[PDB]
Amino acid sequence: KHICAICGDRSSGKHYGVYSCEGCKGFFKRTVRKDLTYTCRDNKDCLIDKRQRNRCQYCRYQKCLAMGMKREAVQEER
Amino acid sequence: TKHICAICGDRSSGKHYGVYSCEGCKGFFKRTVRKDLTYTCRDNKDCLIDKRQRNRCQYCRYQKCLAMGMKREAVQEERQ
DNA sequence: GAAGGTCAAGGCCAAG
DNA sequence: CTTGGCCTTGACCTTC
Ligand SMILES: [Zn+2]
Ligand SMILES: [Zn+2]
Ligand SMILES: [Zn+2]
Ligand SMILES: [Zn+2]
């Protein structure tokens, strides 16, 4: 029915405002929650697709935000 | 007046299966009675069931639903 | 009011 | 270790 706006994999439905896969939803939650920061080993323009999404966390978070993922929709830890 | 859930002390959205409960305890009881679910306590069936510790034990949450007066008979069948 | 249903948010844990 | 699949929960809603 839908595709992930960040990597192109199958989308379950919307998560944090964006149509995304379980992977991308999980990764964005974890980053906002633990307040993580990553470093790009390349030139901050890595290909984020199903096969390459775990090659660069920096650019994956960067795509999450750019595609409209909302940090505020990530509720606090139990 | 304002009411609190008889099972966990969360805000009560009204009476549900005869008992003043919240949307959480209401939901939980429905899915338990409907799917005829059976749980098992990892401790000795005395777990505290409050607003922030209710999903830690499904066995005890269900037990307090019954002990407090929720009616299995009030849980209807799936709208086909 | 009090039944019903929905679906994005949660959590867990096996896969990777 | 982190990733992500799968299932539970409950805020918000409609149906009776
Ligand atoms: Zn994705
Ligand atoms: Zn990169
Ligand atoms: Zn409750
Ligand atoms: Zn218990």
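Residue numbers start from 1 in every chain, and the chains themselves are labelled A, B, ... in the order their sequence lines are given, proteins ahead of strands.
- Atom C1' of nucleotide C:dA2 and atom CZ of B:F29 are separated by 14 Å, given to the nearest angstrom.
- Sugar conformation at D:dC6 is south: the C1'-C2'-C3'-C4' dihedral has a negative sign, consistent with the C2'-endo side.
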Please evaluate residues A:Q57 and A:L36 with respect to the criterion side-chain contact (heavy atoms from CB on, under 4.5 Å), reporting the C-alpha separation (whole Å), side-chain torsions for both, the decisive distance (0.1 Å), and the verdict. CA-CA 10 Å; A:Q57 301 174 291; A:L36 312 152; over 6 Å; no
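- Computed from coordinates, the A:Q75 CD to C:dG11 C1' distance equals 13 Å when rounded to whole Å.
- Between B:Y20 and the phosphate of C:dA2, there is no side-chain N or O to OP1/OP2 separation shorter than 4.0 Å.
- In the displayed structure, A:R55 atom CZ is contacted under 6.0 Å by more than 12 heavy atoms of other residues, nucleotides or ligands.
- Sugar conformation at C:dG4 is north: the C1'-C2'-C3'-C4' dihedral has a positive sign, consistent with the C3'-endo side.
- Comparing the axis of the opening five pairs of the helix from C:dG1-D:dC16 to C:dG16-D:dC1 with that of the closing five pairs yields an angle of 10°, rounded to 10°.
- Interface residues of residues 62-73 of chain B facing DNA chain D, ordered by number: none; criterion, heavy-atom separation under 4.0 Å.
- One interatomic measurement links the two molecules: CD of B:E77 to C1' of C:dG4, which rounds to 13 Å at whole-angstrom precision.
- Regarding nucleotide C:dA9, the torsion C1'-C2'-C3'-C4' is greater than zero, so its sugar is described as north.
- In terms of position on DNA chain C, the residue among B:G14 and B:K30 whose nearest nucleotide sits closer to the 5' end is B:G14.
- Aromatic ring orientation, B:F29 versus B:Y17: tilted (interplanar angle from 30° to 60°).
- Rounding to the nearest 0.5 Å gives a distance of 6.0 Å between NZ of A:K14 and OH of A:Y19.
- Note on A:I48 and A:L65: same hydrophobic cluster, where clusters join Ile, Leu, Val, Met, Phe, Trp and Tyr whose side-chain heavy atoms are under 4.5 Å apart, directly or indirectly.
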B/S/- contact track for nucleotides 5-15 of chain D, protein heavy atom under 4.0 Å: BB-SBBBB--S
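- Few gaps surround CZ on B:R34; more than 12 heavy atoms of other groups in view lie less than 6.0 Å from it.
- With a 6.0 Å radius and a threshold of 12 heavy atoms from other residues, nucleotides or ligands, A:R10 has its CZ atom at or below the threshold.
- Put simply, B:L48 and B:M68 are part of two different groups of oily side chains (I, L, V, M, F, W, Y) that touch within less than 4.5 Å, one to the next.
- Note that A:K44 lies in the cation-pi zone of A:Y58, set by a 6.0 Å cut-off to the ring centre and a 45° limit from the axis.
- In this structure, CZ of B:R56 is placed 12 Å from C1' of C:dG10, rounded to the nearest angstrom.
- With a negative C1'-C2'-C3'-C4' torsion, the sugar ring of D:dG4 falls in the south range.
- When distances are taken from the side chain of B:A74 to each of C:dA3, C:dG11, C:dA2, the shortest belongs to C:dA3.
- Two residues are said to be in side-chain contact when any heavy atoms from C-beta on lie closer than 4.5 Å; B:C25 and B:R61 meet this criterion.
- In this structure, the NE2 atom of A:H15 is 18 Å from the P atom of C:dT6, given to the nearest Å.
- Rounded to an integer number of Å, the gap from B:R52 CZ to C:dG10 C1' is 15 Å.
- Here C:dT6 presents its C1' atom at 16 Å from NZ of A:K14, a figure rounded to the nearest Å.
- The cationic group of A:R53 does not satisfy the cation-pi geometry with A:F27, failing either the under 6.0 Å distance to the six-membered ring centre or the 45° limit from the ring axis.
- Between B:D50 and B:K64 there is no salt bridge, since no side-chain N of the basic residue sits under 4.0 Å from a carboxylate O of the acidic one.
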